[PDB]
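There is one chain below, alone, in structure tokens, taken in the form deposited in one PDB entry.
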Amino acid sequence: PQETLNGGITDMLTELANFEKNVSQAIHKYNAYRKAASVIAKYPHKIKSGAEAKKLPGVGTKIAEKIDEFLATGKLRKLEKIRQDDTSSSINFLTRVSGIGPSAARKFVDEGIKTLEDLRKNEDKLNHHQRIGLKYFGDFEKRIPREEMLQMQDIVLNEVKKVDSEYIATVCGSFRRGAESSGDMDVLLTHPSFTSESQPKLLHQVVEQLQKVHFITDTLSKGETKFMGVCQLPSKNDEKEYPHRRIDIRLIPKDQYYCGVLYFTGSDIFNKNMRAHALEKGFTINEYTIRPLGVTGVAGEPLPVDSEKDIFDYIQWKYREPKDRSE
């Protein structure tokens, strides 16, 4: 649907969602508004009334009333008010800094720290993650065109194989589904030496090499199985420097690898659909495994999986190409 159809409504609901998450700290109300925003964004008609929208799954009485007010007035009194609220708008804004959630935003604003400038003046009140998020505030809100993602993939796959040619690496997310742009890079990594029933340095090796060739620039968090950090393509010639990008790297045991690939390939809606159809067939699918359900409901031991296709097969489904996986 064209944005101009119900964009005013969906924008309204999305903004309400953010204030619930960031100010009221009501995560379930936050997801409630988003679900309403999503289902309305997919609605192929311009909504004439709240009663019309209430027919959609996820839109209840309260949102129906809000839509009635928005349609009749072009705004929402409650939204208009919280917009001009200095405390609430500042709390909501500060959460745009990676590492600053609803709680940290509240505490900062409570003691008079409201803007990026205020943040820049009080660095010693920020933890390591928050300083990085502050440093790359602008870059982290930029999207990544696919050509840059492709070049990022080149470096990752090359350096990973250089460390150990027996590594297996897959760039997932929307990029694997063939998207024109990405919000970040999500790399899934495994090695034949690493299983569920199984060195605790396989991830470090790869991270270290990507640091050595100056691809990885910063580290947000790093353990034995999960890395979260910052990277940057090398600058061409005398061209303008590339934005710094968010990159995650996960080490997954061989026997759980392809369940992970599927899950982190998405999309969420596709994964939702697929999980629903998994159930009726008598299988349970999560990030790690696909399991067989006993006659009451007792899940037996995880089924052997050696590819994405294996999973699709178990539930008597035919392989859907990553490009065909938005639903």
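All residue numbers are counted from 1 along the displayed sequence. Throughout, rigid core stands for the largest set of C-alpha atoms superposing within 1.5 Å between the two forms.
Of the two stretches examined, 253 to 261 and 120 to 128, the one with higher mean CA deviation in 7 other deposited structures of this protein after a rigid core fit is 253 to 261. Choosing between 73 to 81 and 217 to 225, the greater Cα displacement from the shown form in 7 other deposited structures of this protein, fitted by the core, goes with 73 to 81.
In the record comparison, residue 235 is modelled in each of the other entries of this protein that model the residues flanking it, with no third of them omitting it. Of the other compared PDB entries of this protein that include residues on both sides, all give residue 158 atoms, none of them, and so not a third, leaving it without.
According to the entry, the deposited sequence has no residues without coordinates between residue 151 and residue 152, so the chain runs continuously there. As recorded in the PDB entry, 67 to 75 is the stretch of 217 to 225 and 67 to 75 with the greater mean C-alpha temperature factor.
The mean Cα B-factor in the deposited entry runs higher for 271 to 279 than for the other of 256 to 264 and 271 to 279. Out of 165, 211, 170, 195, it is 195 whose C-alpha atom has the highest B-factor in the PDB entry. Of all the options 303, 23, 16, 9, the entry's greatest CA B-factor is assigned to 303.
In the deposited entry, the Cα temperature factor of residue 180 places it in the highest third of its chain's modelled residues.
Ranked by Cα temperature factor within the chain, residue 35 sits in the lowest third according to the deposited record. Looking at the C-alpha B-factors along this chain, the one for residue 200 belongs to the highest third.
The entry lists a Cα temperature factor for residue 161 that places it in the lowest third of the chain's modelled residues. Per-chain ranking of the deposited C-alpha B factor places residue 87 in the middle third.
Only in words, not in the display: the form solved in complex with a small molecule, which the text now covers.
The chain is drawn here without the small molecule; in the bound PDB entry, the stretch among 150 to 158, 131 to 139, 171 to 179, 208 to 216 whose residues come within 4.5 Å of it by any heavy atom is 171 to 179. Contact here is defined as any heavy atom lying within 4.5 Å of the small molecule in the bound PDB entry, and by that definition not a single one of 8, 14 and 92 is a contact residue. This chain is drawn without the small molecule; in the bound PDB entry, the residue among 243, 183, 101, 234 with a heavy atom within 4.5 Å of it is 183.
Distance criterion of 4.5 Å from any heavy atom to the small molecule in the bound PDB entry singles out 143 from the list 107, 222, 146, 143. The small molecule is not shown here, but in the bound PDB entry it comes within 4.5 Å of a heavy atom of residue 268. Although the partner is absent here, residue 70 sits far enough away that none of its heavy atoms falls within 4.5 Å of the small molecule in the bound PDB entry. Although the partner is absent here, residue 43 is not a contact residue: none of its heavy atoms lies within 4.5 angstroms of the small molecule in the bound PDB entry.
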